[PDB]
């Protein structure tokens, strides 16, 4: 019964995709080719053009993403030909290098072979390709708490972290048929990191903060016309609040606001002093300043929201419905200073899209 669902999704996807591509006349023959292929094989194989456009549609449909103005310029790398661990590893390394682009971040996705009959071909364990390890024992907190479970999984497989606050996790992924994942240390020459300084407050460097250049989300499933690409890591560039208001600020993450308050010279005693708010602003100013100073792409939430307004206008001009998730679109810093905060959005799910999938570990 698997193939009846697939056929329906493929009809809807091919019709819409060829329509947008001006190939509506070719729709008829391509679907017949598909229906034969499914009857014979149980599945079908996207053309390069369909795979590229489908990945772009999926970004355009991601309700939670403010960055969607640039959906059509996604650089799609087709790695459905991969068969071995070395090829997976090298394609992951290449993604890091080409997406980094010496700091001028190129929004990129690398697509690996899709699930066959819901059996995975490649299974990536990382949440992002570049991310810091986290440790918790004997009351000692080190690194990124969000990474505790994966870090413990990795250290069961014979990896061992230096237990700095910024250990790079290795790539870790499992191949079909294999029964433990392999892991590979990231070559440091491929990983750009940005030290956090402040434009005005020289003491800010006493915090010794840093973050990595490129967030490469490697654990979501791309669904295009009924085909499930569970391994399809992608990246944009950061919006600064993601680092300054969440990764470095959350009490469950690096929890740095009290130390930020101290180095910027304000007291952290009274809610009514709004010291957390003031610290959040200076930390977020430092993040943008540091990325720009180093020549690594980044966008602030005001410019990002302005770009998203253009996306909304572009949708309307193209007669496409806009969908969005207000609770994820508003930024966590001065949200009411953006137009997003002041309108509502239809949170309907349209496909192609990116979806969550269960982690292979605990």
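Numbering follows the first chain given and starts at 1.
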query	finding
Entry-level comparison of average CA B-factors, 35-43 and 298-306, reporting the higher stretch	35-43
Higher-B stretch (mean Cα B-factor, as the entry records it), 233-241 or 140-148	140-148
Residue, from 181, 107, 215, 103, that the PDB entry assigns the highest Cα B-factor	181
Top residue by Cα temperature factor, when 97, 162, 251, 115 are compared in the entry	115
Modelled-residue ranking by C-alpha temperature factor, third containing residue 223	highest
Where the record places residue 202 (Cα B-factor, split into thirds across the chain)	highest
Third of chain Cα B-factors occupied by residue 27	highest
Third assignment of residue 13 from its chain's C-alpha B-factors	highest
Residue 277 CA temperature factor, ranked by third within the chain	lowest
